[PDB]
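Next up is one chain by itself, shown in C-alpha cells, the form deposited in one PDB entry.
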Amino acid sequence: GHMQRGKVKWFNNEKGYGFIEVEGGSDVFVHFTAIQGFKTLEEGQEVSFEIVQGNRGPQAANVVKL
C-alpha cells in the first residue's frame, strides 16, 4: 500500500469541501466526509491521503493530518 502527500490548498468550512495541493501535480478535490480526524481542514495543513475515483473524477479519501 501507498499514500499521497500534500497540503490543503483551501478548505471552505461552510461549504464542506476544498482542494489539496500536490507538488508538481494536479490539485485533488476533498470533501468533508473524507477527513478522518476530529477537526476540519484548514489552509496549509500537511496531509496524507489516498485518491479514489468518484463519478465526477478523482478525490481524496482517508485524509489525515501530519
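Only residues modelled in both forms are compared. Rigid core (definition): largest C-alpha set, two forms, superposition within 1.5 Å. The first residue of the shown sequence is 1; numbering continues from there.
Of the two segments examined, 52-60 and 10-18, it is 52-60 that shows the higher average Cα temperature factor in the deposited entry. Mean CA B-factor, 19-27 versus 42-50: the higher value falls on 19-27.
The next section is about a form of this same protein that is not shown, the form deposited in another entry.
Once both forms are fitted on their core, the CA shift for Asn12 between the shown form and the other one remains under 2 Å. Once both forms are overlaid on the rigid core, the distance between the two CA positions of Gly25 between the shown form and the other one is under 2 angstroms. By the rule of 2 Å per CA over three or more consecutive residues, the rigid core superposition between the shown form and the other one yields one shifted run, at 37-66.
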